[PDB]
Amino acid sequence: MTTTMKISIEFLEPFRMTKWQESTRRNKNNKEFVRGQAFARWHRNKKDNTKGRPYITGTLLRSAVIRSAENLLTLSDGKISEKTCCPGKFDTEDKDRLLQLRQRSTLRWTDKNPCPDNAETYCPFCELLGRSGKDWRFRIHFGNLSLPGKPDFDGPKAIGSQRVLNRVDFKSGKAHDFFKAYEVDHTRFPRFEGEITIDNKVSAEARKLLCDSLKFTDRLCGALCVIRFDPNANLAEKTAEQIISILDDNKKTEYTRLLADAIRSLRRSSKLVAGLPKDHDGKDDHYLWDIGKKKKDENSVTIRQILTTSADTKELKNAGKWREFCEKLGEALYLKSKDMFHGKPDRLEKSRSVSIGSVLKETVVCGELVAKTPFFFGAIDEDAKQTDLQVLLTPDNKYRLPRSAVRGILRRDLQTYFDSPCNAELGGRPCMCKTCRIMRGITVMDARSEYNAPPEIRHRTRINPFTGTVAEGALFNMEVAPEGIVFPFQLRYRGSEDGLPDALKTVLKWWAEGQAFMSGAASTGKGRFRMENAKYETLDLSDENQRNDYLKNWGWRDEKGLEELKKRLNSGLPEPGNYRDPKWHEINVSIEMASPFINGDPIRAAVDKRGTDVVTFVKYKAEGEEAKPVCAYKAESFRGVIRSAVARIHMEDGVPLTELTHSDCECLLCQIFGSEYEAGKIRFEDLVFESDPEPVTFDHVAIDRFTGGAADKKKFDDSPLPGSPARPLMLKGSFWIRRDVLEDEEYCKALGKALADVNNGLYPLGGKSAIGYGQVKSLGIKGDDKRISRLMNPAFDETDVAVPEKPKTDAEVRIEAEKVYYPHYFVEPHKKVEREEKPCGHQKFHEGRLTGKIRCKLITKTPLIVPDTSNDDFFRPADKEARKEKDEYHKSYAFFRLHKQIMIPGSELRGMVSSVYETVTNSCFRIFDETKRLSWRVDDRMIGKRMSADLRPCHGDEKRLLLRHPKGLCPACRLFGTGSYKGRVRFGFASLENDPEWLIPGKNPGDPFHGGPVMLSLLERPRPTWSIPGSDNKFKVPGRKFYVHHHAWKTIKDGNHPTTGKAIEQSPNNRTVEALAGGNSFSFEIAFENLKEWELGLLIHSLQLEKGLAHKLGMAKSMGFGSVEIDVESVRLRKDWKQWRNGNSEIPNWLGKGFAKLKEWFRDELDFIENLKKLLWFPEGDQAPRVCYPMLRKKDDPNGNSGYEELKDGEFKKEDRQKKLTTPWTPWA
RNA sequence: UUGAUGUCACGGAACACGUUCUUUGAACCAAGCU
RNA sequence: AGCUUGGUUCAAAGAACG
Ligand SMILES: [Zn+2]
Ligand SMILES: [Zn+2]
Ligand SMILES: [Zn+2]
Ligand SMILES: [Zn+2]
């Protein structure tokens, strides 16, 4: 009597499943339950077992069929086959106890009254509705749909992952609230099966109505569908426990966070395990990758060997399997590192019936959404915790572009067109505003990418404005999808008006011009797509012929029918009636930097082959399916520097300098850059370099103030991008500014003043600007006709005032031609170190302080050695490969050059000037290896205990930055900075003003830009036991080691030893260098800011000395090398953002103010000043003091001078050694 | 695994807000031993 | 008392969210 119809619904996109509900909570008052009534249900065994399987109720399929029937009946005027249909009853007002009621209006196709209840006959629509006049057999019964075969799964997480969906405010730009739903991918569970039992009494017209309605229902359970009718993951955890043991067995545990983040960095990197940084030699002993070897213990295997074995486990050879290994392994190491809203409907009564436009055109726009920038789509996994900001991925690990986001962006874009937001709330009858009306005829197909590589991790920090450094707890990372990912776009509009609505045409035209800001993190230039290859064709559903094959083809919704429909679509997009300009304008930036640049990324260097401590940031492009790296300045960093430039200028208001909470603020910074509640109107993109600049490595060593030698464990390097005045690094990007800001006169001035400051070199880009990195030569914003760019036109009053002459030197040194002087002496510091006064922050430009640039002219007196240690094999007479990997070859070096230009690194000049500044102001030994324990054949006390606590480095022990040392910061820690406080002076690279003059003529006469080698004597580390004669408590640290000036380099140039006079021989322990002669002129520029009157004076007095002194620079200082002179050429002071002025006339006041502080500091107890002056005293006239180190024994010195064995018991015995080493130019004879 | 004369949930952008940055001369002569 | 011979440092201190 009843026939069963086989129906299978297949989902074309991920569908949504409501979560399991208890029968108690399945009531009508459950907001979460009723919200999920349109979603698939999860059948779960009752008590405590989430094991079960999903299903779709037949009631949901029935209601979806009813809607299609109304739409089909409206399109046919109710004339199905040959008989009419009434509008239906839709009342059931007997009790109204039925979840739930129909809020939307019912479509009206006829004015006839509904069929009377209990009538002997019913129209086809009433037969479909199930109206009736165990005998209650359904006229048409819809059975539930289940997975084929009724499988069983562990729980809802086995099939789908819960996702959070938010509602973003239109004006604020930030989300009011959110709701979560299970998303079950259609690629794993595409098809459902069910039954529709039809009684034999059902009319053929009702059967035709049911079949047509089934072929019309295109969306069920939140997805586009077509209804038809007729031991495994344990490897990554065993490796994790092995690593934690190996780290534990070797102490460590501080590298786990770097190892967790670096191993996870190998997620894309099955082939990257083979290429790892390795040690400084080729020995293969890395401080991170070779932790567990422990001097060749059989039970010990290094972390490198652990991963190499994992790289070839016979199952991780697949890319996907390997990727989940690193994620699981990295996420496991991370855990060890740490350890050690549902809108509701309203029960409104009988819904009004509306005779909507029976024309009902159908429009399909097919295209590709192409990522012009990196994008970011939400979706934080509640299990994964090694990343703070994750991206939405499919279970296949493909990048997903949800229709929930695309629906929201179209809704947001439609509102901007109309200039009217939509204030309708969730619940009640549908909103009838222009935006909601267009969005109810819109269908957007959910999309995924063919590209499958893992996301990049970007590390973002919040900088403390006052301290100039990273704030406490401001390090966080995010997953970023690459540029160039193309998503297949499917837009489908259905409405009465022919073609797309007028607003929809413009928003699609906005998107076509690369102005689709689809994803989140838009402030940092993430999520700008362009709709490409758009096509469209309208379908007239009212036409019987066109509507008939529409049902037969299932609307061409499935992948089989799309290409057939795609042939009909014509290329392009309809021209909007009244096109409106998009609300965002693109400003093209062009920055030029005449210095090296580094935008740091520690994790990428932990995995890089070069092994450098710091490397520059690189992003990836989705070049098809394989990603390619590219060096770029981070958009997050560029926004941060530009935001800082604006904020430090402005005092809004009365008179904080834009450093407020911004909780309830109407701030120039808040409403240009955005707040936590007020998403900004400026969108910075990544900045990329014009050419392909290959990174270079620069070695850095922190010298000890006491021993003058390298401080242990503080030898480092980094791989910045090379730049210079010969080859500036042209950085080219964009930022997007909204209409309401670019048309605002004050914002153009606020941005223009800041961009002028950046133009004036006031804001270096990236990190390590203290040593001359990322100095901006210029900055052009040549988009944006006039407006902002008009303020980037500085005027410098170039009144030619000569810089004051250097004062004559008071220092008097008497040198005898028959004595021999020790190569170095110690300037004993004053007992008082002025630790006051809690230095000024970097958050403003304080009144009274001075900011500007000091142009200096350094000149060499003795030959100068500044080596390029990147190539210690420079001077080798061919046969290079013969001693490669020998580990004992003679080391050779060339002078530092950047892009084939002789230069002095700012780090070199910075320490050389810093050392003199520290002694002049009696500051602490900024670098001092305190932990070293002296042995006298052993001390019971540390070396740092010898000196006073005042001389101790200031860093040594939110408010920890200024509370780290109770006493505070010494004068040179204020100026040159600490780890916790950023320095106020930046030392640029010094460039050779003229063609070089070399100490030794070059081997090839053709090239005058290279010099010959000079072989130095052996250079050995300093012995503090000589300075501190014994373990006696009386003996203390003598003071700052300084190397006197002398001409022992003349003996070395001839090849003779400085002391014995015997010719030096090549050995595996002495160096060969290229040294400039005397007379080479270098210009370098010192940028400072917020300098006091005296600090700028002491700096000048430290930079330029008195007439008759000199500086010591480079290596071989004890051999008379690297005597240099600095003359301050010009002082330019930043009066304001637009006007700069000269201080060439104000120089003598700075020197006077500086010395007055010296007199106040020490009250004419300045013996260290004169002692330093004697040490700095260059030998004037014809006098040639003989300076050298004693030999071990007198018999080893052909000149007859005694040796260390004789001196050790002679005049330098035990108690005359401290006094004879702290007195400059005292001879040991 | 749902009831049935009423399901706009394609009715809802995981959105907004953060500079991998701060400091550090590639430098350096007297001990080691029974 | 016995004569002469030897390279060192290769990252560190922080920040891992308000
Ligand atoms: Zn009827
Ligand atoms: Zn609305
Ligand atoms: Zn503000
Ligand atoms: Zn200090």
# chains A, B, ... in the order shown; residues from 1 in each chain; ligands from 1
>>> select_by_dssp(residues="range 642-878 of chain A", states="helix (DSSP H, G or I)", output="PyMOL selection string")
chain A and resi 642-649+670-673+739-742+745-759+769-771+789-791
>>> write_last_selection(atoms="N, CA, C and O atoms", output="compact mmCIF listing (two decimals), in the first residue's frame")
# COMPACT_ATOMS: atom_id res chain seq x y z
N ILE A 642 56.06 52.77 11.90
CA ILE A 642 55.29 53.92 11.44
C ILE A 642 54.32 54.37 12.51
O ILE A 642 54.08 55.57 12.69
N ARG A 643 53.73 53.42 13.23
CA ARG A 643 52.85 53.77 14.34
C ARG A 643 53.61 54.51 15.42
O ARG A 643 53.10 55.46 16.02
N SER A 644 54.84 54.07 15.70
CA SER A 644 55.67 54.74 16.70
C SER A 644 56.04 56.15 16.27
O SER A 644 56.03 57.08 17.07
N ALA A 645 56.36 56.32 14.98
CA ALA A 645 56.71 57.64 14.47
C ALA A 645 55.57 58.63 14.65
O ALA A 645 55.80 59.80 14.97
N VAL A 646 54.33 58.18 14.44
CA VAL A 646 53.18 59.05 14.64
C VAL A 646 52.97 59.33 16.13
O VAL A 646 52.69 60.46 16.53
N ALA A 647 53.10 58.30 16.97
CA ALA A 647 52.73 58.44 18.38
C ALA A 647 53.71 59.31 19.15
O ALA A 647 53.31 60.01 20.08
N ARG A 648 55.00 59.26 18.81
CA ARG A 648 55.99 60.04 19.53
C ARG A 648 55.90 61.53 19.22
O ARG A 648 56.44 62.35 19.97
N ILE A 649 55.22 61.90 18.13
CA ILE A 649 55.10 63.30 17.75
C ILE A 649 53.93 63.99 18.44
O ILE A 649 53.98 65.21 18.66
N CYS A 670 44.49 55.94 17.89
CA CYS A 670 43.44 54.93 17.94
C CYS A 670 42.60 54.93 16.68
O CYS A 670 42.25 53.86 16.17
N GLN A 671 42.27 56.10 16.16
CA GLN A 671 41.38 56.13 15.01
C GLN A 671 42.11 56.28 13.69
O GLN A 671 41.47 56.56 12.67
N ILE A 672 43.43 56.14 13.66
CA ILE A 672 44.18 55.95 12.43
C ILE A 672 44.73 54.54 12.33
O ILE A 672 44.78 53.96 11.25
N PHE A 673 45.16 53.98 13.46
CA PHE A 673 45.80 52.68 13.49
C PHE A 673 44.94 51.60 14.12
O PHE A 673 45.26 50.42 13.98
N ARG A 739 39.08 56.04 2.91
CA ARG A 739 38.64 57.32 2.36
C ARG A 739 38.58 58.39 3.44
O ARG A 739 39.09 59.50 3.27
N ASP A 740 37.95 58.06 4.57
CA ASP A 740 37.68 59.04 5.61
C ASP A 740 38.94 59.53 6.32
O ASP A 740 38.86 60.50 7.08
N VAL A 741 40.08 58.89 6.10
CA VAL A 741 41.35 59.34 6.65
C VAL A 741 42.13 60.17 5.64
O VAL A 741 42.65 61.23 5.97
N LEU A 742 42.21 59.70 4.40
CA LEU A 742 42.95 60.43 3.38
C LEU A 742 42.31 61.78 3.08
O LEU A 742 43.01 62.73 2.72
N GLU A 745 42.21 66.32 6.71
CA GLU A 745 43.43 67.12 6.60
C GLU A 745 44.39 66.83 7.74
O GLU A 745 45.61 66.76 7.53
N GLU A 746 43.88 66.66 8.96
CA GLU A 746 44.76 66.49 10.11
C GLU A 746 45.46 65.14 10.08
O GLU A 746 46.62 65.03 10.50
N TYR A 747 44.79 64.09 9.60
CA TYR A 747 45.43 62.78 9.52
C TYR A 747 46.55 62.78 8.49
O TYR A 747 47.57 62.11 8.69
N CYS A 748 46.37 63.49 7.38
CA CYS A 748 47.44 63.61 6.41
C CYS A 748 48.63 64.35 6.98
O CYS A 748 49.78 64.07 6.61
N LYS A 749 48.39 65.31 7.88
CA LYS A 749 49.49 66.00 8.55
C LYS A 749 50.10 65.13 9.63
O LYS A 749 51.32 65.12 9.82
N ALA A 750 49.26 64.39 10.37
CA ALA A 750 49.79 63.49 11.39
C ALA A 750 50.64 62.39 10.76
O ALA A 750 51.71 62.05 11.27
N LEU A 751 50.17 61.82 9.65
CA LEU A 751 50.97 60.81 8.95
C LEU A 751 52.13 61.44 8.21
O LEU A 751 53.20 60.84 8.10
N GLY A 752 51.94 62.65 7.68
CA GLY A 752 53.00 63.30 6.93
C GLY A 752 54.18 63.70 7.79
O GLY A 752 55.33 63.61 7.38
N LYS A 753 53.90 64.19 9.00
CA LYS A 753 54.97 64.54 9.93
C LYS A 753 55.77 63.31 10.32
O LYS A 753 57.00 63.35 10.38
N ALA A 754 55.08 62.20 10.60
CA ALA A 754 55.77 60.96 10.96
C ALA A 754 56.58 60.43 9.79
O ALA A 754 57.74 60.03 9.95
N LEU A 755 55.99 60.40 8.60
CA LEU A 755 56.72 59.96 7.42
C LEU A 755 57.86 60.91 7.07
O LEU A 755 58.79 60.51 6.37
N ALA A 756 57.79 62.17 7.51
CA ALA A 756 58.93 63.06 7.39
C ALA A 756 60.04 62.67 8.36
O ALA A 756 61.22 62.66 7.99
N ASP A 757 59.67 62.33 9.60
CA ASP A 757 60.65 61.85 10.56
C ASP A 757 61.34 60.59 10.05
O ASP A 757 62.57 60.47 10.12
N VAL A 758 60.56 59.65 9.52
CA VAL A 758 61.15 58.46 8.91
C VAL A 758 62.00 58.86 7.72
O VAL A 758 63.03 58.23 7.44
N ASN A 759 61.60 59.90 6.99
CA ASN A 759 62.40 60.38 5.87
C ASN A 759 63.73 60.97 6.34
O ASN A 759 64.74 60.84 5.65
N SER A 769 69.97 48.50 15.09
CA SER A 769 70.30 49.80 14.52
C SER A 769 71.38 50.52 15.31
O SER A 769 71.96 51.48 14.81
N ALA A 770 71.67 50.06 16.53
CA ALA A 770 72.75 50.63 17.31
C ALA A 770 74.10 50.49 16.62
O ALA A 770 75.00 51.29 16.87
N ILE A 771 74.25 49.49 15.77
CA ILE A 771 75.48 49.25 15.05
C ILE A 771 75.33 49.58 13.57
O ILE A 771 76.09 49.09 12.74
N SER A 789 52.09 63.51 1.29
CA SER A 789 53.47 63.64 0.82
C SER A 789 53.99 65.08 0.86
O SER A 789 55.20 65.28 0.75
N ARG A 790 53.11 66.07 1.01
CA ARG A 790 53.55 67.45 0.99
C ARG A 790 54.41 67.81 2.20
O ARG A 790 55.17 68.79 2.14
N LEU A 791 54.31 67.06 3.29
CA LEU A 791 55.08 67.36 4.49
C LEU A 791 56.46 66.70 4.49
O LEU A 791 57.24 66.95 5.42
>>> residues_near_ligand(ligand="ligand 1", cutoff="9 Å", atoms="only C-alpha atoms (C1' of nucleotides) and all ligand atoms", output="PyMOL selection string")
chain A and resi 84-89+113-116+121-127+129+131
>>> interface_residues(of="chain A", to="chain C", cutoff="7 Å", atoms="only C-alpha atoms (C1' of nucleotides)", output="VMD selection string")
chain A and resid 280 470 to 476 710 to 716 1020 to 1021 1069
>>> interface_residues(of="chain B", to="chain A", cutoff="6 Å", atoms="only C-alpha atoms (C1' of nucleotides)", output="MDAnalysis selection string")
chainID B and resid 2 5:6 8 10 12:29
>>> select_by_dssp(residues="range 646-790 of chain A", states="strand (DSSP E)", output="ChimeraX atom specification")
/A:682-684,687-689,698-703,710-718,729-738,776-780
>>> write_last_selection(atoms="N, CA, C and O atoms", output="compact mmCIF listing (two decimals), in the first residue's frame")
# COMPACT_ATOMS: atom_id res chain seq x y z
N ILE A 682 44.09 51.97 8.46
CA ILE A 682 45.32 51.91 7.68
C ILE A 682 45.81 50.47 7.71
O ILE A 682 45.78 49.82 8.77
N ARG A 683 46.23 49.95 6.56
CA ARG A 683 46.54 48.53 6.39
C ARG A 683 47.90 48.37 5.73
O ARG A 683 48.01 48.42 4.50
N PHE A 684 48.93 48.16 6.54
CA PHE A 684 50.29 48.04 6.03
C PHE A 684 50.53 46.65 5.46
O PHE A 684 50.11 45.65 6.03
N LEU A 687 56.87 44.68 3.04
CA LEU A 687 57.78 45.43 2.19
C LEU A 687 58.81 44.48 1.62
O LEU A 687 59.42 43.71 2.37
N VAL A 688 59.00 44.52 0.31
CA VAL A 688 59.94 43.64 -0.36
C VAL A 688 61.04 44.47 -1.00
O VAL A 688 60.83 45.63 -1.38
N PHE A 689 62.22 43.87 -1.14
CA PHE A 689 63.37 44.56 -1.69
C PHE A 689 63.39 44.44 -3.21
O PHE A 689 62.99 43.42 -3.77
N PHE A 698 78.14 38.75 9.63
CA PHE A 698 79.06 39.63 10.34
C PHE A 698 79.33 39.05 11.71
O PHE A 698 78.40 38.78 12.47
N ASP A 699 80.61 38.88 12.04
CA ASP A 699 81.01 38.35 13.34
C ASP A 699 81.11 39.47 14.36
O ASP A 699 81.59 40.56 14.05
N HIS A 700 80.65 39.19 15.57
CA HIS A 700 80.71 40.14 16.67
C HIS A 700 81.26 39.45 17.91
O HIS A 700 80.90 38.30 18.20
N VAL A 701 82.14 40.14 18.62
CA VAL A 701 82.68 39.66 19.89
C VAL A 701 82.58 40.79 20.90
O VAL A 701 82.83 41.95 20.56
N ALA A 702 82.18 40.46 22.12
CA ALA A 702 82.12 41.43 23.20
C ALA A 702 83.44 41.39 23.97
O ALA A 702 83.73 40.40 24.64
N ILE A 703 84.22 42.45 23.87
CA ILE A 703 85.51 42.53 24.54
C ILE A 703 85.31 42.78 26.02
O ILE A 703 84.35 43.44 26.44
N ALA A 710 88.38 38.81 24.39
CA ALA A 710 87.02 38.38 24.12
C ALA A 710 86.37 37.82 25.38
O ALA A 710 86.95 36.98 26.07
N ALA A 711 85.17 38.29 25.67
CA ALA A 711 84.41 37.77 26.80
C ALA A 711 83.86 36.40 26.44
O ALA A 711 83.30 36.22 25.36
N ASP A 712 84.02 35.44 27.35
CA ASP A 712 83.70 34.05 27.04
C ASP A 712 82.22 33.88 26.72
O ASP A 712 81.36 34.48 27.36
N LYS A 713 81.94 33.08 25.70
CA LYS A 713 80.61 32.70 25.25
C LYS A 713 79.88 33.82 24.54
O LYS A 713 78.74 33.62 24.11
N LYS A 714 80.50 34.99 24.37
CA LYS A 714 79.88 36.14 23.72
C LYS A 714 80.50 36.42 22.36
O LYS A 714 80.74 37.57 22.00
N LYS A 715 80.80 35.37 21.61
CA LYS A 715 81.17 35.48 20.21
C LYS A 715 79.95 35.08 19.38
O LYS A 715 79.42 33.98 19.54
N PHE A 716 79.51 35.97 18.50
CA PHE A 716 78.26 35.77 17.79
C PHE A 716 78.36 36.38 16.40
O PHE A 716 79.32 37.07 16.06
N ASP A 717 77.35 36.08 15.58
CA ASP A 717 77.26 36.61 14.23
C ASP A 717 75.79 36.81 13.90
O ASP A 717 74.90 36.47 14.68
N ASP A 718 75.53 37.39 12.73
CA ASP A 718 74.18 37.47 12.22
C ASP A 718 74.25 37.68 10.72
O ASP A 718 75.26 38.15 10.18
N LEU A 729 69.61 49.56 -0.15
CA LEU A 729 68.56 48.55 -0.17
C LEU A 729 67.24 49.25 -0.40
O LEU A 729 66.61 49.74 0.54
N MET A 730 66.79 49.29 -1.65
CA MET A 730 65.52 49.92 -1.98
C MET A 730 64.38 48.99 -1.59
O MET A 730 64.22 47.90 -2.15
N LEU A 731 63.59 49.41 -0.61
CA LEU A 731 62.47 48.65 -0.10
C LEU A 731 61.18 49.24 -0.65
O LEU A 731 60.96 50.45 -0.55
N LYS A 732 60.35 48.40 -1.27
CA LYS A 732 59.17 48.88 -2.00
C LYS A 732 57.94 48.10 -1.56
O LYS A 732 57.86 46.89 -1.77
N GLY A 733 56.97 48.80 -0.99
CA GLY A 733 55.71 48.18 -0.61
C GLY A 733 54.50 49.06 -0.79
O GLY A 733 54.48 49.93 -1.67
N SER A 734 53.48 48.84 0.02
CA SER A 734 52.26 49.63 -0.02
C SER A 734 51.60 49.58 1.34
O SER A 734 51.86 48.69 2.14
N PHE A 735 50.76 50.57 1.60
CA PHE A 735 49.77 50.48 2.67
C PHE A 735 48.47 51.07 2.15
O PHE A 735 48.47 51.91 1.25
N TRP A 736 47.37 50.61 2.71
CA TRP A 736 46.05 50.97 2.24
C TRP A 736 45.39 51.86 3.28
O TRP A 736 45.32 51.50 4.47
N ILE A 737 44.93 53.02 2.85
CA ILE A 737 44.34 54.02 3.72
C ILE A 737 42.89 54.20 3.31
O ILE A 737 42.56 54.16 2.12
N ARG A 738 42.01 54.37 4.29
CA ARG A 738 40.59 54.51 4.01
C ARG A 738 40.27 55.91 3.49
O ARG A 738 41.08 56.83 3.59
N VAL A 776 67.45 54.70 7.34
CA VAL A 776 66.67 55.11 6.18
C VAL A 776 67.28 56.37 5.57
O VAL A 776 67.40 57.40 6.23
N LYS A 777 67.67 56.27 4.30
CA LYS A 777 68.16 57.42 3.55
C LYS A 777 67.02 58.36 3.16
O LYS A 777 67.14 59.58 3.29
N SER A 778 65.91 57.80 2.68
CA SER A 778 64.79 58.59 2.20
C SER A 778 63.54 57.73 2.26
O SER A 778 63.60 56.53 2.53
N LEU A 779 62.40 58.37 2.00
CA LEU A 779 61.11 57.67 2.05
C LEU A 779 60.12 58.45 1.20
O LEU A 779 59.76 59.58 1.55
N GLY A 780 59.69 57.86 0.09
CA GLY A 780 58.69 58.45 -0.78
C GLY A 780 57.42 57.62 -0.76
O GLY A 780 57.46 56.39 -0.79
>>> closest_atom_pairs(of="chain A", to="ligand 4", cutoff="7 Å", atoms="only C-alpha atoms and all ligand atoms", output="Markdown table")
| residue | atom | partner | partner_atom_place_in_ligand_line | distance |
| --- | --- | --- | --- | --- |
| A:923 | CA | ligand 4 | 1 (Zn) | 5.6 |
| A:924 | CA | ligand 4 | 1 (Zn) | 4.3 |
| A:925 | CA | ligand 4 | 1 (Zn) | 6.6 |
| A:926 | CA | ligand 4 | 1 (Zn) | 5.5 |
| A:953 | CA | ligand 4 | 1 (Zn) | 5.0 |
| A:954 | CA | ligand 4 | 1 (Zn) | 4.2 |
| A:969 | CA | ligand 4 | 1 (Zn) | 5.3 |
| A:970 | CA | ligand 4 | 1 (Zn) | 4.1 |
| A:971 | CA | ligand 4 | 1 (Zn) | 6.7 |
| A:972 | CA | ligand 4 | 1 (Zn) | 5.9 |
| A:973 | CA | ligand 4 | 1 (Zn) | 4.3 |
>>> residues_near_ligand(ligand="ligand 3", cutoff="6 Å", atoms="only C-alpha atoms (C1' of nucleotides) and all ligand atoms", output="PyMOL selection string")
chain A and resi 658+662+665-667+669-670
>>> write_last_selection(atoms="C-alpha atoms", output="mmCIF file, in the first residue's frame")
data_model
loop_
_atom_site.group_PDB
_atom_site.id
_atom_site.type_symbol
_atom_site.label_atom_id
_atom_site.label_comp_id
_atom_site.auth_asym_id
_atom_site.auth_seq_id
_atom_site.Cartn_x
_atom_site.Cartn_y
_atom_site.Cartn_z
ATOM 1 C CA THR A 658 49.565 59.004 23.001
ATOM 2 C CA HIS A 662 42.983 53.716 24.774
ATOM 3 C CA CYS A 665 39.701 57.036 23.824
ATOM 4 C CA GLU A 666 39.077 59.088 20.692
ATOM 5 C CA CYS A 667 42.768 59.213 19.831
ATOM 6 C CA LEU A 669 46.536 56.989 17.077
ATOM 7 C CA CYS A 670 43.444 54.930 17.944
#
>>> closest_residue(among="A:808, A:681, A:257, A:437", to="ligand 2", atoms="only C-alpha atoms and all ligand atoms")
A:437
>>> closest_residue(among="A:414, A:480, A:607, A:1176", to="ligand 2", atoms="only C-alpha atoms and all ligand atoms")
A:414
